[PDB]
2 protein chains.
Amino acid sequence: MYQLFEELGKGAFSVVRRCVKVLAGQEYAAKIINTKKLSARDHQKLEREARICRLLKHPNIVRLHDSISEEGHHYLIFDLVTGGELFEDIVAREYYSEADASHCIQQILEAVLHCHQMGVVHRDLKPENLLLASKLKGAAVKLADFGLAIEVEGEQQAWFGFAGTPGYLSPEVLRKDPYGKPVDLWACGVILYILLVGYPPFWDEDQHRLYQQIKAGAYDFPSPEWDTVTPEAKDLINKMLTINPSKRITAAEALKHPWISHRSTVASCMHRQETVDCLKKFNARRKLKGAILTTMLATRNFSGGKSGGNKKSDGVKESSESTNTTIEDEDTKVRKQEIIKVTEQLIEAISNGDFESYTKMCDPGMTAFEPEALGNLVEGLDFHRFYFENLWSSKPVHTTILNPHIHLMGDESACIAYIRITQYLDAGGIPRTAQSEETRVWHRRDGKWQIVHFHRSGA
Amino acid sequence: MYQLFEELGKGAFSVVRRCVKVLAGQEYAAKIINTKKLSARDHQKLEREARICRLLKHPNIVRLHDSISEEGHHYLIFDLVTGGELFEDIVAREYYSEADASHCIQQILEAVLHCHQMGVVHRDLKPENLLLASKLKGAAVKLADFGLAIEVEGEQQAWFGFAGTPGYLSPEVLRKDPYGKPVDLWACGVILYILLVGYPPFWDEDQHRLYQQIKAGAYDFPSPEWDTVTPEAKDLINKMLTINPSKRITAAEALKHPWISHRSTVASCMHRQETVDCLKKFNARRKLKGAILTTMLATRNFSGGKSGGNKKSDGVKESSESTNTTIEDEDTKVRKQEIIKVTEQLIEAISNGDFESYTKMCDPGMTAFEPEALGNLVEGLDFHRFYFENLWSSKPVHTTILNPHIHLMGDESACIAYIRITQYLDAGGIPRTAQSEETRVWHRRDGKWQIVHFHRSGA
């Protein structure tokens, strides 16, 4: 049904690859899940993932087109979005302000609101799920991958399992409390915070300490970098990073927050280069950590240095004549003889009065000096046509070529000079003979020898 | 004093590199020891290493030419041997027999005998120390690197420290007994054994168990591979792998052993392909185990098969030629004008009677049709010399070129045709005028346009 092309990204248990629907000629992203490596339970919950993704129809959410299981693999086929990660894109931009982060978060919150309205909680919102629709300027931000998403019943909370990514986990999930929609608003607070200053609100080498920080809500807004962030951006983060999920801002309420809905008078327009710089390192640390590592050694200076031997300039070593003959592309043979071949075919074409073959062997802009031109230079084949039509269209005539000389001037040019002697009969012969000295200038154009100019004397 | 070129090999605390003595023009191997990474004691014992290596003058031992210390490095400059390891070379050979292993061990024992006679014990004999003199057929085996070598006093034994390589360590060193020359004969027994069947006599993943095996002398000669080894090769190994160093064969006595001294009637001539095959794996396991510079790691193969193949970029046609612009002159040229330049210089050279410049612009084998040749084809410049010498060496004359046409036939060939009109005076002028139709065939040879043939009419 489909044809797989390049890989676009990975997880521990899936890869994503561009593919083409054979009979459609439409391109898609194939999420390819190795089902041999899943638990029975996670294999079974692919049914829930497939279902959630069909439900969700929103401009800021990538949708499922198809789901296929084979013996060792499951295939979830989605729309192709080609812009890559939002976070990678932010660091390649010429300008990045609070007003620009607000537009990112608004799109994310719109998507999340739509999930919540459909009874879907994502549970694992993180930078990797935030993709751009295309490489075009101002492409939309799109949610991708709902492999840990759950279905909820109205506003009812439950214990759906301990699932998520450490830095984005909500306090209620860490306390083992029944939970629901607010887990996604906590994760949006963490994402918003990273979008503003380029580093996460909660971080610790020790995962147990990290979780105590999260559960305590122990994040801060340190100077210098937070000093130029508006009070309203900080207010929205605070409302999202509220420890008690019953008191946490909802996606609907977040979208009405002035830093989002009154962006044009509230969100700062100042470029935040330090955010861009920190985010680069954040982005890089995210691509080293993972289940499988492509680099052989993890601890390598990322910056590099120049080695010795990088450029080499040698001296003028004394050399001899080195003509660069091209590699031959046909059966090996005598080029001189080749010229003799096309020349004999020329003489035979003139003798037979065959203007058709004479035209092929001559360039359309052929130059000519001949006694029939009375000292003038003739261009084209119109002039010799009069002799092909009248005279040569026919008593016995014998031609004889004497002392031929050939000059080869590269692969595509040659020149032959010879003496032509013609034996013929005039009226009631009386056999006669005539001499002429002829020069032909041949030139191979598109794999065919053609006369570009010729010269005749005494005829 | 020296110039360093390519790296030839390594240890943990040294690299070896080819170098050239600047003022000599002689090439050597530089052992470059990073003294910052040595213990005070091992730095100090470089004095002993330097001394031992100067003492040793033997055809099967690489000798020291120089020793230099800088602030962070010591340099021990030796003869360059270019054949690489004996062991690598054995596996690339077309034939390898007991008789060939006997010649290897004889060379090694000769070197070791010479050490022992000079009061030097190597202590760390292993495959890495066994180098070939050159890549020539039958190059000698040479001992290289004495960094763990010691000086002994006659036949006196002492405790010189626990030093060596695990698989080649003698029982007495492992028992912490005073020791001397026999430690090197134990290591030769281990090397000989590996030379015969391609695997070591003592091996264990657990180093403590390995040492108990060594101390017990618990090696064996298992079938099938030992079944075709002569009893005399086994006898020599047994004599060397004798646990009590007072009873172990000496280097002098080993050299008189029939498998060495009567090789031609004693050592088997049968090719041992299984030895060659095992030795390949032995050689490979030796090159993963330990290095200091970063080393790439291979991936185990996956079960069944993945599909795949070579990829070619696709497009509108097989090849491409930029955007679809209107088919017109994209950019202009001046080659036609170049031909006009050399042609005007030709006419001026003829007019001035300058045969010198006329010779340069003409090919030595120039072809010519002209009325002065009376219908004949003239080759060379001898014919026109008569006109340069006599006539043109001089009343007022004005030339006029009419209707010039140029055919470009590649980068290296061109042809120009034109009408030449000459105004002159005859005897007592009476101004006269003459017409001729001229064709020149130019060819660039070694960056210079030369006439290969020319044609003239009515002059």
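Positions of Cβ are backbone-derived with ideal geometry, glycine not excepted, and every protein chain shown enters the neighbour counts. Only the coordinates and a few stated rules stand behind these numbers; no lab work does.
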**Prompt:** Which residue, chosen from A:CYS362, B:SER261, A:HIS398, occupies the Cα position most advanced towards the positive end of the dipole of the protein assembly as shown, where the dipole is computed from +1 (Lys, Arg) and -1 (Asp, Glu) charges on Cβ about the Cα centre?
**Reply:** B:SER261
**Filter on B:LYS31/B:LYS142; B:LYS21/B:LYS142; A:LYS57/A:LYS247 - keep pairs with C-alpha separation over 18 Å** = B:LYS21/B:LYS142; A:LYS57/A:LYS247
**Item:** For the range B:1-97: relative contact order, % (alpha-carbon pairs under 8 angstrom, 6 or more apart)
**Value:** 22 percent
**Prompt:** What are the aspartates and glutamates whose alpha-carbon lies under 19 Å from the alpha-carbon of A:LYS10, with same-chain residues fewer than 8 places away excluded?
**Reply:** A:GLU27, A:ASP42, A:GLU49, A:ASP79, A:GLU85, A:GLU88, A:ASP89, A:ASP124, A:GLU128, A:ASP145
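Could you tell me what % of all Cα pairs in the range A:340-459 have separations over 25 Å?
21 percent
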**Message:** Along the charge dipole of chain A, pointing to its positive end and built from +1/-1 on Cβ of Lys, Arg, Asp and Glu, which listed residue (A:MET409, A:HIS116, A:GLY25) has its Cα farthest out?
**Reply:** A:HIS116
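For a footprinting-style exposure proxy, rank A:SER97, A:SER170, B:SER394, A:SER313 by other Cβ within 10 Å, fewest first. List each step's numbers first, then the result.
On the way: A:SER97 15, A:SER170 25, B:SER394 9, A:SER313 4.
Going from sparsest to densest Cβ surroundings: A:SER313, B:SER394, A:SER97, A:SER170.
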**Message:** Under 4 °C and 1.567 mPa s, how fast does the range A:70-181 diffuse according to Stokes-Einstein, given a Kirkwood radius computed over C-alpha pairs? Answer in µm²/s, whole number.
**Reply:** 81 µm²/s
**Other-chain or far-sequence residues with amide H under 5 Å of B:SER268's (modelled H)** = B:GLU98, B:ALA99, B:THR230
**Complete:** Ranked on Cβ counts within 10 Å of their own Cβ, fewest leading, A:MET270, B:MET296, A:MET296 go B:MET296, A:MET296, A:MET270
**For the range A:325-390: relative contact order, % (alpha-carbon pairs under 8 angstrom, 6 or more apart)** = 24 percent
**Message:** Give me the dipole magnitude in Debye, nearest 20, for the range A:1-52 about the Cα centre, with unit charges on the beta carbon: positive for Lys and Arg, negative for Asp and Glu.
**Reply:** 220 debye
**Asked** Cross-link list A:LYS181/A:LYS215; A:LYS181/A:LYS281; B:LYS239/B:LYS289; B:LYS135/B:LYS289: which exceed 20 angstrom alpha carbon to alpha carbon?
**Response** A:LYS181/A:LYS281; B:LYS239/B:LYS289; B:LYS135/B:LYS289
**Burial ordering of A:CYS415, A:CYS19, B:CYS115, fewest other beta-carbon atoms within 10 Å first** = A:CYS19, B:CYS115, A:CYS415
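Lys and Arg at +1, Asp and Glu at -1: add these up for the other residues within a Cβ distance under 15 Å of A:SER413 and post the number.
Numbers: positive: A:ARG335, A:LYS336, A:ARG440, A:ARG444, A:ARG445, A:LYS448, B:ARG335, B:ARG440, B:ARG444, B:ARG445; negative: A:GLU338, A:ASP363, A:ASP411, A:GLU412, A:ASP446, B:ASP363, B:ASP411, B:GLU412.
Local charge sum for A:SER413: +2.
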**Fill in**
Computed about the Cα centre, the charge dipole of the range B:176-291 from +1 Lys/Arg and -1 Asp/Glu charges at the Cβ has a magnitude in debye, to the nearest 20, of 400 debye
**Fill in**
Across the range B:325-459, qualifying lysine pairs (alpha carbons under 23 Å, at least 8 places apart or different chains) come out at 7
**Asked** What share of Cα pairs, in percent, lie more than 28 angstrom apart in chain B?
**Response** 67 percent
**Complete:** Between B:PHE5 and B:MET118, Cβ-based FRET efficiency (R0 22 Å, step 0.05) works out to 0.10
**Item:** Simple spin-label estimate for B:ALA158 and B:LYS247 in nanometres, 7 Å along Cα-Cβ
**Value:** 2.8 nm
**Fill in**
If the label point sits 7 Å along Cα→Cβ of B:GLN345, residues of the range B:357-393 with amide N under 14 Å come out as B:357-363
**Asked** Which value in nm describes the separation of the simple spin-label points at A:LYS137 and A:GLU70, placed 7 Å from the Cα toward the beta carbon?
**Response** 4.3 nm
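For A:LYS21, what is the net charge nearby, where nearby means another residue's Cβ is under 9 Å from its Cβ and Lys, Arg count +1, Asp, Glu -1?
Summing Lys/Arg as +1 and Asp/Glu as -1 gives -2.
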**For the protein assembly as shown, Kirkwood radius (reciprocal of mean inverse C-alpha pair distance, Å)** = 39.1 Å
**Prompt:** If you count, for every residue in A:404-412, the Cβ atoms of partner chains within 10 Å of its Cβ, what is the mean?
**Reply:** 6
**Message:** Restricting the calculation to Cα positions, tell me the Rg (one decimal) and the Dmax (whole number) of the range B:1-137 in Å.
**Reply:** 16.0, 49
**Message:** Let me check against my output: what whole-number percent is the relative contact order of the range B:187-246, with C-alpha pairs under 8 Å and at least 6 apart?
**Reply:** 41 percent
**Prompt:** What does the charge add up to near A:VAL378, with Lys and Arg as +1, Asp and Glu as -1, over the other residues with Cβ less than 14 Å from its Cβ?
**Reply:** -4
**Complete:** For B:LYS256, the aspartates and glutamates lying under 20 Å Cα to Cα, once residues fewer than eight places off in the same chain are dropped, come out as B:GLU98, B:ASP100, B:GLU110, B:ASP184, B:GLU232, B:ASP235
**Request:** Show me A:41-49, B:40-48, A:451-459 ranked by packing, highest mean number of other Cβ atoms within 10 Å first.
**Result:** A:451-459, A:41-49, B:40-48
